[PDB]
Enquirer: 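So that we are looking at the same thing, I have put the structure below in structure tokens.
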Amino acid sequence: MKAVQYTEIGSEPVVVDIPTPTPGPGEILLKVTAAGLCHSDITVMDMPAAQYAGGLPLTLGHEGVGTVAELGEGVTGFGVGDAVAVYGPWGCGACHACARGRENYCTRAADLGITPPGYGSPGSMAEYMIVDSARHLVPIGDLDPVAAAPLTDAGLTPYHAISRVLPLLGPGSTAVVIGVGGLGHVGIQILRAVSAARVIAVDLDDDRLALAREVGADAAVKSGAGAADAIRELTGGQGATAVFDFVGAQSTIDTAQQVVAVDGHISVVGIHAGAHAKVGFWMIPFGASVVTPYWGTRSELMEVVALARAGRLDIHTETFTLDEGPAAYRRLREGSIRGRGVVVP
Amino acid sequence: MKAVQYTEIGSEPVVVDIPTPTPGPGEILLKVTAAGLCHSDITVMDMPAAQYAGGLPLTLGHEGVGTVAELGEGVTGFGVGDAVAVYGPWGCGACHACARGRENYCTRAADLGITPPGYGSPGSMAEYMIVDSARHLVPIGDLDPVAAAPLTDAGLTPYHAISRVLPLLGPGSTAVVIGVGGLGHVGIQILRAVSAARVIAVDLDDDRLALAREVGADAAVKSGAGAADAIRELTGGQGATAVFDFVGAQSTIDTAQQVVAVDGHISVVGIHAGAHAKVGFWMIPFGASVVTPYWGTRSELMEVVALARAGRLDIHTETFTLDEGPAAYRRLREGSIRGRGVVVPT
Amino acid sequence: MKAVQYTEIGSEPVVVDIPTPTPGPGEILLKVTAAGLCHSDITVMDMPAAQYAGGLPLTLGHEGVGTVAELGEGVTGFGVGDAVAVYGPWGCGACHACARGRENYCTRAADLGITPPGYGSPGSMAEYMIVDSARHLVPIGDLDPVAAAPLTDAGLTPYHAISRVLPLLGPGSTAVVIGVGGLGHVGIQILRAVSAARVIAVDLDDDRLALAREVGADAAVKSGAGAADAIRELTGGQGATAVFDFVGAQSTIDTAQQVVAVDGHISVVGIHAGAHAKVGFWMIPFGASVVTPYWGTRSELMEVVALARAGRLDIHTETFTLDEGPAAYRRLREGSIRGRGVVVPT
Amino acid sequence: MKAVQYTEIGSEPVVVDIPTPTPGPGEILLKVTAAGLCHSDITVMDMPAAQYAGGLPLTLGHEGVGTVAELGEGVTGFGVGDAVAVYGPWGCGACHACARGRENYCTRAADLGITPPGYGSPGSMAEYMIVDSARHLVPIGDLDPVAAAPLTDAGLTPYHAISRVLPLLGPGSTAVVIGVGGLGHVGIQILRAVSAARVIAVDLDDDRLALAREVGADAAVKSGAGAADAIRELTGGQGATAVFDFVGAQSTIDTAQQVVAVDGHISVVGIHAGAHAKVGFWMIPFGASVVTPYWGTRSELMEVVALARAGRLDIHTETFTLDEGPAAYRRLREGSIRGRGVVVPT
Ligand SMILES: NC(=O)c1ccc[n+]([C@@H]2O[C@H](COP(=O)([O-])OP(=O)(O)OC[C@H]3O[C@@H](n4cnc5c(N)ncnc54)[C@H](O)[C@@H]3O)[C@@H](O)[C@H]2O)c1
Ligand SMILES: NC(=O)c1ccc[n+]([C@@H]2O[C@H](COP(=O)([O-])OP(=O)(O)OC[C@H]3O[C@@H](n4cnc5c(N)ncnc54)[C@H](O)[C@@H]3O)[C@@H](O)[C@H]2O)c1
Ligand SMILES: NC(=O)c1ccc[n+]([C@@H]2O[C@H](COP(=O)([O-])OP(=O)(O)OC[C@H]3O[C@@H](n4cnc5c(N)ncnc54)[C@H](O)[C@@H]3O)[C@@H](O)[C@H]2O)c1
Ligand SMILES: NC(=O)c1ccc[n+]([C@@H]2O[C@H](COP(=O)([O-])OP(=O)(O)OC[C@H]3O[C@@H](n4cnc5c(N)ncnc54)[C@H](O)[C@@H]3O)[C@@H](O)[C@H]2O)c1
Ligand SMILES: [Zn+2]
Ligand SMILES: [Zn+2]
Ligand SMILES: [Zn+2]
Ligand SMILES: [Zn+2]
Ligand SMILES: [Zn+2]
Ligand SMILES: [Zn+2]
Ligand SMILES: [Zn+2]
Ligand SMILES: [Zn+2]
């Protein structure tokens with residue numbers, strides 16, 4: 001089968017021919033219908049050998065949807081042909097976090113050698129993929145696969161970040177979204193669907209600000225040195241109830257600390273090595289909590305799928321073939337994909 | 001009347017004679033029965049002129065209990081003689097936070113010039129004190145005033161910090177308390193009363209570790225370079241569900257980050273200028289939230305008083321006269337008050 | 001001044017001339033800009049002498065907005081001319097519930113003789129009204145008074161009922177709204193604004209089902225014997241996550257129990273004496289909680305006002321003069337007001 | 001192997017010899033170390049043929065602990081010899097409730113024919129038992145099996161009921177426990193461990209009131225007509241924040257409604273066919289929610305085990321052999337087991 005793999009440290013991913021896998025006991029083989037590209041893939045591929053934890057070769061793609069092609073021995077609860085999304089942050093299934101579906105916060109995965117598809121286990125950017133267990137599949141019914149694939153991370157990750165502090169986001173609240181890319185453009189829509197927060201979007205790119213307004217942002221303002229003052233002009237001196245930073249550079253985290261309200265929240269979602277919030281007296285308002293969330297929970301993925309099925313998420317995509325996978329990663333690097341890149345085999 | 005005041009930048013507080021105040025409309029005059037000393041008072045008195053926001057002179061004391069001596073015009077809901085605790089973080093009373101009793105997070109207090117007793121308004125370390133409004137008084141009934149005064153901050157502040165994340169502290173959880181002083185020794189007891197968390201106390205001083213065990217800590221660890229590893233040996237690799245850092249020095253915050261669990265919490269309660277948690281990828285576990293809480297809410301103070309009335313809080317105190325106030329602050333500076341210093345006016 | 005009063009048991013309310021009140025200490029006099037009629041007023045006026053708790057005479061109207069006309073002694077947190085909404089369920093201000101703004105659940109109001117405007121204290125259906133304290137006023141800025149008056153109960157009550165279980169109403173949930181009147185037509189809009197629930201409206205009257213669709217209901221079902229089956233056809237067998245019953249008749253409560261999901265909720269908001277949910281094994285699904293909520297909280301009223309100011313609430317009203325007050329109550333009795341009746345004094 | 005089975009409608013259970021089962025793919029065979037008797041077993045055995053849903057024959061016992069004896073094909077995460085407790089309310093594992101571990105509220109179990117061990121699937125009152133999947137086993141380490149078996153229901157069910165409203169049970173709250181039997185005597189201890197509620201126990205039997213005080217109840221009062229007034233004398237006129245009714249007879253539910261506080265909770269846990277709370281205006285206080293909870297969640301069972309391992313639960317038991325199983329059910333019927341009956345297979 002055709003797949004897109006990261007095969008040597010510091011090189012671009014390549015299109016390869018590798019054997020179509022067969023599911024072992026408990027596993028499910030999917031025919032992949034759509035595979036999302038994520039900026040985390042760039043970050044992973046830019047790591048030096050010592051830090052890179054994905055293994056070589058690695059079939060990329062931690063955003064996967066497909067149709068059930070073959071059931072491994074003993075698998076129940078799915079039929080051949082069922083359209084499913086892959087829950088990505090695989091955990092042990094048995095610990096206190098996993099028992100609540102919070103496998104993203106599994107305390108045993110490292111020790112048991114459990115890794116996600118697309119970063120340690122083979123991903124979705126291939127004609128077929130293996131899923132380890134039935135509990136990592138969520139039905140999508142007749143959802144369009146191209147717009148569904150990003151739900152598994154571009155949808156799930158913002159959804160989880162927002163869910164952590166949803167009770168803060170009542171009528172009269174303001175949520176700032178920094179970075180209107182794959183994640184951020186979905187985050188805006190989640191905020192509008194599950195809260196009455198006023199949503200202020202921030203991006204470097206005027207076309208991404210237009211995208212933000214297109215998907216329901218109440219205001220959209222230019223990132224950089226003037227952003228904090230511009231946001232405060234919109235909120236008045238109270239600042240923003242919550243800031244969801246999908247960039248996570250030091251400059252954006254600094255903007256977040258400069259605008260967050262007393263008893264508010266900053267969610268540092270974007271990943272930029274070395275960047276950090278400075279949480280101390282006189283450096284942040286009283287009661288303003290800060291967290292780096294990771295991916296999301298099983299029940300959250302179901303809720304994301306439910307939002308999509310209800311028409312609440314307009315996922316902006318561009319479609320690529322498997323052969324175009326490496327070119328698509330170049331596009332993502334240069335910032336020329338308006339929303340999410342999606343590979344269709 | 002006699003009072004203890006901070007009167008010039010960089011000097012020790014002094015005992016003074018100033019007029020007994022009269023309550024204006026809406027105000028209440030208390031005869032003070034006990035006034036707590038807090039380490040925040042030291043921090044405030046060590047600020048340079050440019051930063052110090054308390055005004056001069058300032059009657060110290062933001063931990064106050066008393067008896068109602070006189071009602072100002074129009075005051076209802078209290079009688080002369082009623083024993084009350086002073087809710088300290090005064091807010092506007094009208095904004096969304098204040099409407100929920102969360103006057104500690106009032107968004108209008110700065111703009112309206114509203115300051116707390118003992119830091120901008122006259123405090124409790126005097127024979128009498130003024131309280132601005134009835135909503136800032138909570139009844140204590142027959143609670144001993146000496147042990148009640150610290151409930152207003154040494155109790156309220158840890159209680160609020162813990163309350164922010166109480167749902168995390170289920171059976172099987174671990175809570176670390178760093179700094180077993182005024183706040184910390186009460187924090188341990190709150191954790192034991194309102195949660196099933198295992199409590200690990202951390203202090204530099206072996207006698208404070210003994211105090212921690214005396215008030216119900218399950219384990220006690222020496223602070224410093226070995227603390228993080230020692231805590232992890234106790235929690236077995238998952239780390240601590242929550243860390244309540246009542247010191248807030250860089251070293252203690254670093255210990256906190258090195259032990260906190262995935263999807264846990266660090267509450268930076270202690271105040272050390274410049275110190276901060278570094279919240280970023282690879283610097284803290286996934287999902288481990290960090291906050292600097294401030295004081296507490298109206299309903300939280302009521303709950304702290306309810307814990308005291310139910311026998312759940314053994315408040316360790318040492319009593320001083322008003323004349324001993326300055327000496328008591330020297331004791332607090334050198335770290336020789338085992339628990340909370342409390343001034344009792346006579 | 002002109003006012004509409006209930007003056008004798010079993011009679012219709014009458015238009016009267018009574019003195020314009022002057023505010024005492026702590027009170028505020030409002031020039032009323034709009035006064036809502038509520039079905040609870042009908043229920044109150046239909047009570048026999050032994051049950052009726054409003055006092056006689058009683059100026060009706062527990063839905064009030066106005067402009068500050070005169071400040072009582074000591075009141076300084078509002079200016080003359082400020083547009084304000086009246087928080088209705090007055091409490092003591094001092095108990096644990098009141099400290100959280102939850103004066104609707106005040107434990108001391110009965111004992112202290114504290115009653116709401118429009119049911120024991122003089123209401124808003126008059127040229128002017130007295131408000132007891134500043135904490136019972138919420139600013140509305142430039143909101144149209146006619147559409148603002150219903151926010152104080154038609155908005156607040158559903159808002160509180162929904163807020164009690166808002167975490168249940170995630171994507172994929174269904175909320176049923178029974179009764180698309182004053183409260184129900186606002187409840188539909190609150191659900192759409194603060195949740196991703198699919199909303200199914202239920203009414204006896206086709207025109208009210210049309211109103212429901214006009215304000216954002218996803219589906220509309222005829223009430224009565226076929227309603228439970230019709231709702232289940234829409235929800236596909238799991239039933240409805242939450243049912244907000246703004247009628248509260250036995251038939252509607254029965255429908256609610258027949259459609260509610262496992263681990264769901266029924267809020268019995270409508271008041272029909274004798275009607276009740278039967279919460280027992282084999283009579284309701286496992287985990288499906290039931291409550292009779294009452295009015296709402298201070299912070300909730302602020303949130304309702306914020307929804308209105310953000311354009312999220314299209315309040316359907318019909319305007320009446322004070323002279324038309326009694327006629328308007330006849331209209332409400334016969335069910336011919338499409339949304340909320342609102343009296344505008346001139 | 002030896003087992004205790006319900007074999008014909010209206011008869012007592014009997015000791016039988018049936019084949020020792022072999023685990024199929026995904027299943028686990030346990031050597032049973034302890035099997036709890038529950039009053040639900042009596043209720044089930046007293047159902048007429050038309051209602052009884054357990055199937056015949058049925059190996060009784062929905063409270064099970066054991067050691068892993070044999071792993072079915074493909075089973076990972078447990079080793080032979082591991083001591084485990086059986087999570088009882090088996091669900092589909094895939095729905096939104098099950099994904100959160102809340103298999104007690106599974107929406108698909110009925111349709112898929114999934115039933116619990118001891119009521120549709122073979123139970124724990126046998127030398128060996130099958131568990132359907134690894135996710136239905138929780139490790140207990142070196143906990144004594146006799147005291148561990150009741151954790152799976154006598155512990156789990158009260159724990160879940162309490163957990164639904166734990167945020168209500170702050171300092172100053174009161175929780176009433178009605179019925180100090182298997183469930184109730186554990187419920188008292190859970191309340192003391194995870195909350196600061198004052199606990200008032202209620203039972204018909206003076207020896208069970210003594211048991212209540214032995215396990216940490218603050219007061220213990222006689223059930224029946226005088227109970228509501230007696231409880232109110234202890235709480236003052238505010239009533240009880242929460243009432244956990246482990247009897248669920250009409251008389252006990254009525255007591256619960258007569259004592260519950262405004263904005264409180266009644267959990268109807270005990271099962272008595274036909275009995276129900278009457279939730280309507282004038283029949284219950286404003287804001288007092290009522291629910292019939294069912295069993296508990298996966299993560300809750302882990303938390304119950306954690307309480308036991310921390311020494312917070314003193315489980316009162318009496319031990320029986322398999323041959324004594326039928327005699328033990330007679331004892332439970334007559335009310336002569338002080339706590340939980342537990343069968344230990346040899
Ligand atoms: N925490 C997690 O679990 C998790 C999961 C998935 C992705 N992520 C991370 O989220 C981030 C977003 O990923 P993506 O795939 O949406 O990226 P993307 O490449 O699709 O979009 C990036 C967007 O950020 C904007 N941007 C860049 N610098 C900016 C600045 N200084 N201010 C404002 N806007 C700026 C760009 O113009 C662009 O619109 C990445 O760092 C990714 O690694 C985190
Ligand atoms: N956030 C707030 O709202 C708030 C409110 C009140 C007090 N505070 C702050 O909380 C802190 C504690 O106040 P207090 O009155 O309880 O102080 P205290 O002087 O009574 O106690 C200090 C304790 O901390 C211990 N300690 C000092 N350095 C330590 C270290 N490196 N590691 C471990 N333990 C150490 C001491 O040995 C002592 O037991 C102060 O910084 C104070 O300003 C904050
Ligand atoms: N719990 C509280 O705190 C609180 C506060 C305010 C009002 N209420 C109560 O809420 C209820 C509604 O008040 P309102 O002012 O909105 O009433 P309304 O007269 O404006 O509306 C009544 C609506 O219910 C519909 N209706 C009547 N019988 C019905 C049935 N069997 N099935 C479905 N629909 C039916 C009508 O057709 C109409 O649309 C009243 O009982 C009122 O007393 C309760
Ligand atoms: N909701 C659920 O998921 C669930 C789960 C397990 C058990 N249960 C039910 O819980 C109830 C208790 O089960 P158990 O095994 O603990 O029972 P048990 O037989 O061990 O204990 C019964 C206790 O209730 C007392 N009692 C009886 N009538 C009383 C009254 N009128 N007032 C006060 N006390 C009274 C008895 O004196 C005895 O102490 C049963 O109805 C059972 O079916 C429900
Ligand atoms: Zn990603
Ligand atoms: Zn796990
Ligand atoms: Zn202090
Ligand atoms: Zn305020
Ligand atoms: Zn009303
Ligand atoms: Zn009150
Ligand atoms: Zn049972
Ligand atoms: Zn299920």
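Convention: sequence-line order gives letters A, B, ...; per-chain numbering from 1. Atom set for the values below is all heavy atoms of this structure, side chains included, hydrogens, waters and symmetry mates excluded.
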Enquirer: Look only at the side chain of D/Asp203 and the backbone of D/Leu209, and say whether a donor-acceptor pair between them is shorter than 3.5 Å.
Expert: no

Enquirer: How long is the straight-line distance from CD1 of D/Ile271 back to CZ of C/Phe281, given to the nearest 0.5 Å?
Expert: 4.5 Å

Enquirer: Roughly how far, to the nearest 0.5 Å, is CG of B/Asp263 from SG of A/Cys106?
Expert: 12.0 Å

Enquirer: Are D/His62 and D/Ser40 packed together at the side-chain level, in the sense that at least one heavy-atom pair is separated by less than 4.5 angstrom?
Expert: yes

Enquirer: Can any side-chain N or O of D/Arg100 pair as donor or acceptor with the backbone N or O of A/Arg100 at less than 3.5 Å?
Expert: no

Enquirer: For side-chain contact (heavy atoms from CB on, under 4.5 Å), just list the numbers for D/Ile162 and D/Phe244, CA-CA rounded to whole Å, side-chain angles, deciding distance to a tenth of an Å, and then say yes or no.
Expert: CA-CA 8 Å; D/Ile162 294 157; D/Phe244 299 96; 3.9 Å; yes

Enquirer: Counting C-beta onward and ignoring hydrogens, is there a side-chain heavy-atom pair between D/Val138 and D/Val304 closer than 4.5 Å?
Expert: no

Enquirer: Is there a side-chain contact (heavy atoms from CB on, under 4.5 Å) between D/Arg333 and D/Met45? Walk through the geometry before answering.
Expert: CA-CA 11 Å; D/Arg333 282 176 180 280; D/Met45 289 191 279; 4.2 Å; yes

Enquirer: Can you check whether D/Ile190 reaches D/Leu313 side chain to side chain, under 4.5 Å on heavy atoms?
Expert: yes

Enquirer: Evaluate side-chain contact (heavy atoms from CB on, under 4.5 Å) for D/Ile28 paired with D/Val84, printing each intermediate quantity in order.
Expert: CA-CA 11 Å; D/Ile28 303 96; D/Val84 292; over 6 Å; no

Enquirer: For the side chain of D/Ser121 and the backbone of D/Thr115, is there at least one donor-acceptor N/O pair under 3.5 Å apart?
Expert: yes

Enquirer: Taking the side chain as every heavy atom from C-beta outward, state whether D/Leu204 and D/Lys222 have any pair of such atoms under 4.5 Å apart.
Expert: no

Enquirer: Of all the heavy-atom pairs spanning D/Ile140 and D/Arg309, show the shortest one and how long it is.
Expert: O-NH1, 2.9 Å

Enquirer: Do B/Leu166 and D/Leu166 pass the side-chain contact (heavy atoms from CB on, under 4.5 Å) test, and can you show the C-alpha distance, the side-chain angles, and the key distance before you say yes or no?
Expert: CA-CA 10 Å; B/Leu166 185 53; D/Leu166 185 54; over 6 Å; no

Enquirer: Are the side chains of D/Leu29 and D/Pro21 in touch, meaning some heavy atoms are under 4.5 Å apart?
Expert: yes

Enquirer: Looking only at non-hydrogen atoms, find the nearest pair between B/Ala212 and B/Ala201 and report the distance.
Expert: CB-CB, 3.4 Å

Enquirer: Looking only at atom types and distance, does a side-chain atom of D/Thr297 sit under 3.5 Å from a main-chain N or O of D/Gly101, one as donor and one as acceptor?
Expert: no

Enquirer: Side chains of D/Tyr159 and D/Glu303: any donor to acceptor distance under 3.5 Å?
Expert: yes

Enquirer: So, does D/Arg192 use its side chain to make a donor-acceptor pair with the main chain of D/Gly216 at under 3.5 Å?
Expert: yes

Enquirer: Measure the spacing between NE2 of A/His96 and CG of D/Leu301 and express it to the nearest 0.5 Å.
Expert: 10.5 Å

Enquirer: Give a yes or no on whether the backbone of A/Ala99 and the side-chain of D/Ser299 come within a donor-acceptor separation of less than 3.5 Å.
Expert: no

Enquirer: When you compare the side chain of D/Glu63 with that of D/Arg340, does any pair of heavy atoms fall below 4.5 Å?
Expert: yes

Enquirer: Tell me which donor-acceptor pairs under 3.5 Å the side chains of residues 176-186 of chain D have, and how far apart each pair is, sequence neighbours excluded?
Expert:
{"unit_1": "D/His185", "atom_1": "ND1", "unit_2": "D/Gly181", "atom_2": "O", "d": "2.9"}
{"unit_1": "D/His185", "atom_1": "ND1", "unit_2": "D/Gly182", "atom_2": "O", "d": "2.9"}
{"unit_1": "D/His185", "atom_1": "NE2", "unit_2": "D/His316", "atom_2": "N", "d": "3.0"}

Enquirer: Would the distance check show the side chain of B/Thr241 and the main-chain N or O of B/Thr174 forming a donor-acceptor pair, the cut-off being under 3.5 Å?
Expert: yes

Enquirer: Which heavy atom of A/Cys92 sits nearest to which heavy atom of A/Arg108, and what is that distance?
Expert: SG-CD, 3.8 Å

Enquirer: Roughly how far, to the nearest 0.5 Å, is the CZ atom of D/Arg102 from the CH2 atom of D/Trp295?
Expert: 16.0 Å

Enquirer: What are the two closest non-hydrogen atoms of D/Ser11 and D/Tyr6, and how far apart are they?
Expert: O-CE1, 3.3 Å

Enquirer: Would you mind reporting whether D/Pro150 and D/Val342 have side-chain heavy atoms less than 4.5 Å apart?
Expert: yes

Enquirer: Enter the distance from D/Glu214:CD to D/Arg208:CZ here, rounded to the nearest 0.5 Å.
Expert: 11.0 Å

Enquirer: Only one of D/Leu60, D/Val15, D/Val14 passes side-chain contact (heavy atoms from CB on, under 4.5 Å) with D/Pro326; say which it is.
Expert: D/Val15

Enquirer: Do you know which two heavy atoms are closest between D/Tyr128 and D/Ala69, and how far apart they sit?
Expert: CE2-CB, 4.2 Å

Enquirer: A side-chain contact here means heavy atoms from C-beta on lying under 4.5 Å apart; do B/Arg312 and D/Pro171 qualify?
Expert: no

Enquirer: At their closest point, which heavy atom of D/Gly248 faces which heavy atom of D/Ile253, and how far apart are they?
Expert: O-CD1, 3.7 Å

Enquirer: What distance do D/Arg331 atom CZ and D/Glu318 atom CD have between them, rounded to the nearest 0.5 Å?
Expert: 4.0 Å

Enquirer: Fit a plane to each ring of D/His160 and D/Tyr105, take the angle between them on a 0 to 90° scale, and name the class: parallel (under 30°), tilted (30 to 60°) or perpendicular (over 60°).
Expert: tilted

Enquirer: Backbone N or O of D/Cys38 within a donor-acceptor pair of the D/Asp41 side chain at under 3.5 Å?
Expert: yes

Enquirer: For D/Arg198 and D/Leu234, indicate whether the former's side chain and the latter's backbone hold a donor-acceptor pair under 3.5 Å.
Expert: yes

Enquirer: Within the side chain of D/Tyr119, is there an N or O that forms a donor-acceptor pair under 3.5 Å with the backbone of D/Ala53?
Expert: yes

